[PDB]
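Inspection log for the structure reproduced underneath, given as structure tokens.
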Amino acid sequence: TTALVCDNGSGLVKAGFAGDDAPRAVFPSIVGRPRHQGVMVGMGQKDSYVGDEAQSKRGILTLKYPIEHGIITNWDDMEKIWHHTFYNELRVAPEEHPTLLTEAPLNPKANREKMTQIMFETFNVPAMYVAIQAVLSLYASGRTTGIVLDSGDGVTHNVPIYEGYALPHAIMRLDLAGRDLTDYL
Amino acid sequence: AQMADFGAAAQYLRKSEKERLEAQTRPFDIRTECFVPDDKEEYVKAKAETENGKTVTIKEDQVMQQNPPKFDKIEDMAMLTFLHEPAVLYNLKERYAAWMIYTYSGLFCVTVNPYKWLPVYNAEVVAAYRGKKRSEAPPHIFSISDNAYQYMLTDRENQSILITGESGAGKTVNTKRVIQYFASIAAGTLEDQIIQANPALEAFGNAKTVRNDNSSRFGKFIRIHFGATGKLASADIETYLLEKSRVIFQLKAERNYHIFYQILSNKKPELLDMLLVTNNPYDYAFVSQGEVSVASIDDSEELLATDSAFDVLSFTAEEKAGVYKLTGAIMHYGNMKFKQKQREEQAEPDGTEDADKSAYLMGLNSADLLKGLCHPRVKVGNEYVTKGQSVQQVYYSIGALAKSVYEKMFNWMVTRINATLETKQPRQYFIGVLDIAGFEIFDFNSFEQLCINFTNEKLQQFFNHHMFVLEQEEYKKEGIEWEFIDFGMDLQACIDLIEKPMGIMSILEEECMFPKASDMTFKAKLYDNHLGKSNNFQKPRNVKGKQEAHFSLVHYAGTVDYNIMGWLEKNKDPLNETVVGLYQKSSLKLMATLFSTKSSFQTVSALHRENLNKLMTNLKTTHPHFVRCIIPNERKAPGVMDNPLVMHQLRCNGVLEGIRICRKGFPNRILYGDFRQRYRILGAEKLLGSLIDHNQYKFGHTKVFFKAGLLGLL
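If you're matching them up, the sequences are chains A and B in order.
The first sequence: position 147 = 194 (the working numbering), numbered continuously.
The second sequence: position 418 = 423 (the working numbering), numbered continuously.
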């Protein structure tokens, strides 16, 4: 049975099926809630919008990222985003697919513990696994040796690898990324 | 004894005592003969270890212990001990093999089309049922008609006959034979008169359905009248709600009413030239959505039959050419084309050829038609003001106009026929012959199917009410103290959420009025209002390999799934009163005769529901009598029925509902003497004080009552 790949990131969810060449779904990792009143009776008001539906209605919503610096700081919103990713974007049943999540290095243990608990309980995945983003980047580059500088929306980190051996004492993690550049701009 | 006066037909109506008495002593066991499911038969006898030509070992609480051979040819399954699907299925199979196509079912009358001429109807040698009841004679529908006669005469109350009709044949022959019986009893006859102009209904209210080729898309309620003392009078037929959405929209592999294609058969070029119309069906949209022709029937002979029907009717040249003009104009509507006015939001015409055709045809003006369509007007207080229109709104208006034209033309032909078959002295009483479409379960269910299923739901709850009150009466009769929740209403009152003005169709109109409403928004609102808060409302199981549904309801005929795509287009009917006024003045006198007699909200759902309630009130004032026709096989060969088809039919025919409800008896209600004699191996007080549960029986006035599953031991 095929497996799912769910690179979460702090600014964009990229999900797909293990074996493809590119993520099947790429949407913002964002949850919006209406701030204004709501007058048209019967318009069918939703409580919250996720993904890029919240991006087109963003004029009336207040947007929130459930991931600040690689750390998930709102587990309800993250559960909403995962539910969306599985049912509305990929349109699968999580009970029939092992899931490969991804995480940045040097971030709290409770993050991975809650990730796996959420998966196994409120999604009933058959199995899962949590990889490191830099190792996967090196896989994709077609190498077994190199220092990879990953820089997403929340966190920048270097991981030096040699012959497939990591040097965990030389991993350096920095906490300015796309979002801090957006704020500075 | 009392059967040999049917002679050669007695063998069919009730076998001689010999084969029956040798059949009541068959050696069969209650613990080595059960019923198990199957792939081709779905239900088979067997010997958990089971063998009948194929071996399987399944759970021991899914097998059906076969009925005792004491009862193995009884024509009324209301007395068996093991009431379950394969029991009734193979019981009908057997009683049909040893040819007896007639059967009693509790209160229904299940008959099967034999595909074979039988003298079981003719001559009167069999029609001697005069005076008898249903319970004593062999189970013939003529006995039912005689009971209807007796009842209508002895209570002065109207009676009702409800047959299931979506079976292609068996409906026709059964209607014919019963109306012939009624002609005989209370005696160029009225039956001749009925079948003369019937091509009218055949050509206007029938079309090729994906699982048929001649389906009545309306209800036929024949009122055959009797004298105050019981001599037949003239008979006026009544028609009801029609699937008029068919006028515009048709699914794939189907088509709308025949008359279009009959005319389009290029048979009489006088018509095709009077209507300025070609013969290619793919040029007129209101008919060319599905298939343009079915090879299972020719259209020239249909046109000629319809011409003959118009001739035998009092129609003149105008009462025929005018109807042709109405149909042609409805067809020329189908390719009316409009565009937004440049730089602004208003429909503007592009090409008026079809407008010219229609204006000439109906006796209207082209400019007046175009503007009144493009500029609706309202009576605001004591003033007149024009209304602007988007293109889609005008297309809605066009479709509604065509629908109303067709509908009122149909109704007027109904009144014309009712007049042409009416000349008689003042009458009082009549018998109702209600023909109706049955339940539908196709592989792709849509809105019209929801409508028909709701109609059948109402009719089935009606029947259940009737059987409930009759059973309650019978239980009061023998002093049998037993009360229960009303079987007739409550179990189904919860599945008519569709009618509650918050349910499915209610929310449907709500969205029809709601701006920018989409099928996704509609699905959202539905799920808000019903998902989880209803047990009958459930999410469909869309497994890849089938077309997607969007919700699932649990009716009495199983659990049905629907696909909501396109329903706003099905329900909206904003009628344009300006063109109505145009019609009410037209030179084409038929148009004026149609539309002679201090709007933008009409929904097909509303009219459908109100006509349904009208028919329900029409029924509830009378006494009903039910009939269940079955098509045994699709290859039309006599003798053998294909069990999965017939099983699905009987599921949707609703007799299984009666079985399930009598299971809540005490369906088995026997006298004292019969059980005292048959089971004396050792007045009924001592016989059943010997032994089981004491609620298994209810002793009263020489009557013993048994729950199903008790006489399989005896």
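For every residue, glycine included, the Cβ atom is placed at its ideal position computed from N, Cα and C.
From what residue to what residue does the alpha helix (DSSP H) around residue i run?
| i | result |
| --- | --- |
| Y262 of chain B | Segment: none, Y262 of chain B is in no alpha helix (DSSP H) and carries neither H nor E. |
| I128 of chain A | 122–131 |
| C39 of chain B | Segment 39–41 is the beta strand (DSSP E) holding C39 of chain B; no alpha helix (DSSP H) there. |
| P274 of chain B | 274–279 |
| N179 of chain B | 176–190 |
| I146 of chain B | 146–160 |
| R683 of chain B | 677–683 |
| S293 of chain B | Unbroken run through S293 of chain B: none, as it is neither H nor E. |
| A424 of chain B | 396–425 |
| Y95 of chain B | 90–102 |
| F711 of chain B | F711 of chain B -> not in any alpha helix (DSSP H); beta strand (DSSP E) instead, spanning 709–711. |
Let's see if you can read the secondary structure: which residues bound the beta strand (DSSP E) around residue i?
| i | result |
| --- | --- |
| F170 of chain A | Counting along the chain, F170 of chain A falls outside any beta strand (DSSP E), and DSSP gives it neither H nor E. |
| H230 of chain B | 223–231 |
| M219 of chain A | 219–221 |
| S110 of chain B | 107–110 |
| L661 of chain B | Taken as a continuous stretch (DSSP letters only), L661 of chain B belongs to no beta strand (DSSP E), being part of the alpha helix (DSSP H) at 660–667. |
| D227 of chain A | Premise fails: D227 of chain A lies in the alpha helix (DSSP H), 225–231, not in any beta strand (DSSP E). |
Quick one: is residue i buried, meaning 16 or more other Cβ sit within 10 Å of its Cβ, or exposed?
| i | result |
| --- | --- |
| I184 of chain B | buried |
| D34 of chain B | exposed |
| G670 of chain B | buried |
| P75 of chain A | buried |
| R685 of chain B | exposed |
| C499 of chain B | exposed |
| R614 of chain B | buried |
| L719 of chain B | exposed |
| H699 of chain B | exposed |
| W122 of chain B | exposed |
| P672 of chain B | buried |
| residue 5 of chain B | Limits of chain B in this structure are 6 at one end and 719 at the other, which puts residue 5 of chain B out of reach. |
| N211 of chain B | buried |
| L228 of chain A | exposed |
Which residue or residues does DSSP assign as beta-bridge partners of residue i?
| i | result |
| --- | --- |
| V177 of chain A | A:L148 |
| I119 of chain A | A:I114 |
| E243 of chain B | B:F226 |
| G63 of chain A | A:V52 |
| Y212 of chain A | A:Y209 |
| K384 of chain B | B:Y389 |
| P81 of chain A | A:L108 |
| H560 of chain B | B:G563 |
| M336 of chain B | Paired residue(s): none; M336 of chain B is not in a bridge. |
| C634 of chain B | B:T116 |
| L439 of chain B | B:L167, B:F226 |
Measure how close the beta-carbons of residue i and residue j come, nearest whole angstrom, since I'm counting them as under 8 Å.
| i | j | result |
| --- | --- | --- |
| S601 of chain B | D440 of chain B | About 30 Å separates the two Cβ atoms, so there is no contact after all. |
| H380 of chain B | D359 of chain B | Incorrect: roughly 19 Å between the Cβ atoms, too far for contact. |
| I149 of chain B | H471 of chain B | Their Cβ separation, rounded to whole angstroms, is 14 Å, which puts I149 of chain B and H471 of chain B out of contact at 8 Å. |
| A188 of chain B | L237 of chain B | 7 Å |
| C634 of chain B | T244 of chain B | In fact, because the Cβ distance is near 21 Å, the residues do not count as touching under 8 Å. |
| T627 of chain B | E162 of chain B | 7 Å |
| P579 of chain B | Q345 of chain B | Between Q345 of chain B and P579 of chain B the Cβ distance is about 19 Å, and since that is not below 8 Å, they are no contact. |
From the options, pick the residue whose C-alpha is nearest to that of residue i; which is it?
| i | options | result |
| --- | --- | --- |
| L147 of chain A | A:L232, A:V97, A:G63 | A:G63 |
| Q16 of chain B | B:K59, B:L88, B:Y101, B:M69 | B:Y101 |
| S140 of chain B | B:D151, B:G493, B:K176 | B:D151 |
| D222 of chain A | A:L232, A:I208, A:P215, A:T203 | A:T203 |
| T149 of chain A | A:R159, A:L108, A:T132 | A:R159 |
| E427 of chain B | B:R683, B:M82, B:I199, B:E65 | B:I199 |
| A334 of chain B | B:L650, B:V131, B:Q351, B:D361 | B:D361 |
| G224 of chain B | B:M367, B:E129, B:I242 | B:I242 |
| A151 of chain A | A:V206, A:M166, A:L110, A:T109 | A:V206 |
| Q84 of chain A | A:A50, A:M219, A:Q92 | A:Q92 |
| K641 of chain B | B:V559, B:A174, B:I229, B:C114 | B:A174 |
| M166 of chain A | A:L214, A:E142, A:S103 | A:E142 |
| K64 of chain B | B:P74, B:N72, B:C39, B:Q71 | B:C39 |
| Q294 of chain B | B:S250, B:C456, B:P124, B:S402 | B:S250 |
| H263 of chain B | B:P286, B:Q201, B:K413 | B:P286 |
| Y401 of chain B | B:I106, B:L573, B:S172 | B:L573 |
| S305 of chain B | B:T283, B:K273, B:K521, B:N461 | B:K273 |
| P545 of chain B | B:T564, B:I485, B:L715 | B:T564 |
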